[PDB]
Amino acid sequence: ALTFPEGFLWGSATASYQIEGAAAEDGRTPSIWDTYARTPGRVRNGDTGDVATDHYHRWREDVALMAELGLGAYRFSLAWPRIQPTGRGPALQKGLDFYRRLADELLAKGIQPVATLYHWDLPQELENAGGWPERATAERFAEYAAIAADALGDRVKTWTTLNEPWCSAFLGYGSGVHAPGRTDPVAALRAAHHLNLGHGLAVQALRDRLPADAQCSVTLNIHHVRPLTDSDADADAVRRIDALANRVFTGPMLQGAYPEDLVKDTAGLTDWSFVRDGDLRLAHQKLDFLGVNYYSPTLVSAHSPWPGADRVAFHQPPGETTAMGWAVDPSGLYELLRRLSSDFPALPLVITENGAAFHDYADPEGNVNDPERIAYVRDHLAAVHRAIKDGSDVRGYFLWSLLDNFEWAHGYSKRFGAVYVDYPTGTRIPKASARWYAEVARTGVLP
């Protein structure tokens, strides 16, 4: 039985388009994912987030559920399309009101609201104007950040600018398997840069409009890259992928510069002239903690999500697999945390996303048993505890996700929730893992 540090934060996480629904209600206009999902062949079975879990209408019930589970924090994302339809123009108060009431209720329940400004639902109009590969998008994001802070700054004290920019840039503009579905290596790199720029401009805006005690962060899915063999070549492959997966973001955001090896690796693709003088300084803002997302390790040896790394081959890491077919290896989380502690010793860490998809089902008696999820979470929490014992400054853990939801290109075919959702009715059924996690959250002890 492992005991976690005093004050360790126990929460769950969700994203706006994945759970809200009410896609065309109260002033919300389409995001790139609305467009993408409605495009034949882009999302499994043509699923869309039109309704999803209907959280927009069931929000009060969901907060009550969080309270019953004894969670200390709730990480959610703000829908740019609801707050500032089209990505420009004035704030839409009706949109902000949804988050005002949500945040107020969370606080009334003693649950800390943690808001992510951008979790992929870019207003379609901004993509029409060029999307992330277009510089203006970064400036538009900073204006949106100010709008959000002005409206919710008095109730929300923990802010995250972006969630997994690697996915937005490389899957969104590199391999095109995520909205908006474009496939151009240079567009992907430009997108990555403007996400770095937007992030910095947003933190600047947040610091200026939020109370002095407010916390600001960014959430990155830190790939833990390992080599297939001891070969010197495979070690170079690890470097290349680490550069593209992590350092293209941690470099600018946490060090104020793009890694030189990355620039060299991509020299045949671009000269990075879109990096205007001063952009790196703006991207490099002081953060209160780094949000880390992790699910599985990476093993290595024009339409790719890895511009310039065509020589690299990827392999299935060893271990049992989840419904995503991803390997289950908690050692990757431990090693990843140690790497971060070594590279950024003074930066506190928070696991903002970790969880697993399994083929859950409600039986005739109305129960949803997911012992596999309990095992996955338990094992990964053990790895986190071990990293902490070894010196890593980890301050919290957020289980992706409180609810089964729209898992992007997979549609509703993949269930990650602690709480099962019967989509046709919207009925929530806490799974066995919800009851187990609630105990961990209430005792701070991992059995």
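For every residue, the number given is its place in the sequence shown, counted from 1.
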Looking at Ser301 and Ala302, the deposited sequence has unmodelled residues in between totalling 10 or more
Pick between 90-98 and 311-319: the one whose mean CA B-factor in the entry is higher. 311-319
Tell me which stretch has the larger mean Cα B-factor in this entry, 335-343 or 242-250. 335-343
Please work out which residue in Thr48, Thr39, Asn45, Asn405 has the highest C-alpha B-factor recorded for this crystal structure. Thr39
For the CA B factor values reported in this entry, which option in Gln255, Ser175, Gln285, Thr219 has the top one? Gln255
Which third, lowest, middle or highest, does the C-alpha temperature factor of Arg207 belong to within its own chain? middle
Where the record places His57 (Cα B-factor, split into thirds across the chain): lowest
Chain thirds of CA B-factor: placement of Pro123: lowest
Among the modelled residues of this chain, does the Cα B factor of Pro227 put it in the lowest, middle or highest third? highest
Lowest, middle or highest third: where is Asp213 by Cα B-factor in its chain? highest
